[PDB]
Structure formats: C-alpha cells, structure tokens
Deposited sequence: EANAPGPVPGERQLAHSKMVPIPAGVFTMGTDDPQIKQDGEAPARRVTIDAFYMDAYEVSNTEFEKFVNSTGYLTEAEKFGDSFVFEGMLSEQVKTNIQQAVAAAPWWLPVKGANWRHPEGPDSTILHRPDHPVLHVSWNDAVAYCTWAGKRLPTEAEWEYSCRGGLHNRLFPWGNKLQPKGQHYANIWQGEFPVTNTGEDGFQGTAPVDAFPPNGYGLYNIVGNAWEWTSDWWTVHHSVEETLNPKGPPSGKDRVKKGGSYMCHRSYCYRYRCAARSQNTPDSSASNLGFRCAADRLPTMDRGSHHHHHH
C-alpha cells in the first residue's frame, strides 16, 4: 500500500481540449496546444486511509461535517432528483450516518470539498494539479484519444475504468466489478502510471471554471483569475454514455469550492518530490 506515491510526469506539449466536443455546453472545444513543465502526480486517488493520516495529524474538520450534510446518490441509500442532501453524510459515513469506511480503507476518500482537498495536499507538501496538468496526465502520452488508454471503451474486451453499467439510475449491473467505488489501485495504469484517472471518483483541480478558451498556445496555464465554480475532472463510478459521458480526458465539470458529494474526490500534484 503506497497510496501516497507519485509519478514523474514528463515535460511535454499537448492538445488540451477537442475540436470534436461530445458535450459542448462544457467548453471541451477548442482544442489548444499547451506546454507543461515536468512535475509529479499522485499515482492514486487519495484514499480513505491517507486522508485519515491527514486528519489524525491536524484534526481537520471537513466542510461536510461543518455543514452537517452532503450529497449522496439515491441509488445507495440537489443537482438531479437522484442527488439527495443527507444529514451526517461525510467522508467517514459516505451514505449517511449508518454507513462506514472501515471495510473500504483503500477506496478513494469522498465528500471532500475543494478546500478539503487543498488542506490535504498542502498538508502533504503537495498541491492540487491545474486542469491542464490533470488532462495532460490523464492522456497518458497519447494524443487526441478519448480515454487514457485509447478510443475503445473496453479494449481487448477488458474494463479499464470504474463507471456505470446498466440503466441509469435504476440498474447498475456492476459488470466492471464495482457498483460504488473501487480501491484506488484498481484497474490498469495509464501510460504515465496513473490509476483511475477517469472513473471511480471525480477529481478536483486547482482552476476556476470557464467555458471560454483561446487557441493561444500557453505554458503551464492556471485557468482564469476568477470564477465562482472550481473545475473537476474525469468522471466517477456513476458515469454512463447515456446521460453523463465524462469519463474522457477532455471532459470537464464544475462545483462551488465548498461542495462535496459521494462521487467526488481528488489527488495531488507537486513540482518536486516531498518528504
């Protein structure tokens, strides 16, 4: 269990975005050439256990605990009728008060806000990645592919990510081996050595959200200087093509920095290795 290990992501130039946006409302277009300096990125989503080390040390009280509620998928018991705001739903109690994390220590932490994530990473001698670092990393050395691994969803007939199978929201067949979340080290790594960069839990980035992008070539871009929503990436175990096709590197979405929910977590990046 090296669930806080990092990988060196190589310096390089890449196509961020796409001239074939499958969800236009989200600012997937235009494709634009971005240059990214070499850095490090968590190989894994931050796990319940890793977060607990953080909380052991600092006594950090997450925002869901402070507000007293968080968003849980009805399916496992508001932005959709299936998102319910549940009292005493937080990272220790992912589906509300009578749920627990004891049987799932290696699964990614949930019900953490952008602030929670930042407190963790900075605690950890790290920081959140920018969207561009995230997306570049997601792509995993490949150019203009849908997914970290290519354009087939199940290559060689194999599940490569934790998402929805079946009729959403009513039936999740769990064909891919998991109905909710999966251990942070489940499924194959992309070419850069990252696990579950699409699927499992959504992932916070450091950028404010905008849908307005130039084709101006940029270098280590931080997104806009302001916003009201922060950028999240890579879909979750609830994604399906039929209604939410965001288990692609190009896809993107947003939340206010103080939101939290049962399919949303994070991982850290860093310019240089921490201790």
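Gaps in the model relative to the deposited sequence occur at 1-13, 91-102, 301-311, listed in sequence order.
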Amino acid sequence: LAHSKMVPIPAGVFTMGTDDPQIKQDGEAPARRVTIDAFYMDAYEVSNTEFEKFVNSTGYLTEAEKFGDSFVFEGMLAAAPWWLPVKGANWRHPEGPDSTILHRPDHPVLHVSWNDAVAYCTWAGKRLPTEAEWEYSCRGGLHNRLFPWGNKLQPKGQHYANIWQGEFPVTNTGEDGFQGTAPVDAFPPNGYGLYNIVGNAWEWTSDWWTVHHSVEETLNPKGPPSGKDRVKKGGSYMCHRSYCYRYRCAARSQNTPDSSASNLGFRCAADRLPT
From here on, numbers count along this sequence of modelled residues.
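Checked against the other entries of this protein, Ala79 counts as unresolved in at least one third of those spanning it. Higher mean CA temperature factor between 18-26 and 256-264: 18-26, per the PDB entry. Between the stretches 199-207 and 84-92, it is 84-92 that shows the larger average CA temperature factor. You'll see in the entry that, of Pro97, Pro129, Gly193, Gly150, the Cα B factor peaks at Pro97. Within the listed group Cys138, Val118, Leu77, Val112, the record reports its top CA B-factor for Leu77. Among all modelled residues in this chain, the alpha-carbon of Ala43 has a temperature factor (C-alpha) in the lowest third. Ranked by Cα temperature factor within the chain, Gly59 sits in the middle third according to the deposited record. Per-chain ranking of the deposited C-alpha B factor places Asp106 in the middle third. Split the chain's modelled residues into thirds by C-alpha temperature factor. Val231 is in the lowest one. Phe51: CA B factor in the lowest third of modelled residues in this chain (values from the PDB entry).
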